[PDB]
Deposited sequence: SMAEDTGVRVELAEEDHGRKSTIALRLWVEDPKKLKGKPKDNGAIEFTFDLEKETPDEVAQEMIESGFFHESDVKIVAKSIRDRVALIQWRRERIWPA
């Protein structure tokens, strides 16, 4: 299917960087802006960030698994393009 939550790189992917800057926003919900944050690939979890975005007033409390996966897909997508 599709999540409708776009997550993309914020800074040029340089490789061998344990932390990456990401940008998240929504285009299909099936503050209405773009959220920029850092993500540690070896330590932090997409579910952890998603909760924080919950406890920060971006999406609903039970909309956590959906945003967690949309971040997890981008983290996957950046490590597969990292071979």
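Asker: Any chance you could give me the deposited-sequence numbering of all the stretches lacking C-alphas?
Answerer: Missing C-alpha atoms (numbering from 1) occur across the ranges 1-3, 34-40, 94-98.
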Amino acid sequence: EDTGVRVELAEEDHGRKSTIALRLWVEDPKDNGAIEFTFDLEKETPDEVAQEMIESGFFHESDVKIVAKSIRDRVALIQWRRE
From here on, numbers count along this sequence of modelled residues.
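Asker: If you average the CA temperature factors over each stretch, which comes out higher, 1-9 or 72-80?
Answerer: Mean CA B-factor is higher for 1-9.
Asker: Mean CA temperature factor from the deposited coordinates, higher in 50-58 or in 36-44?
Answerer: According to the PDB entry, the answer is 36-44.
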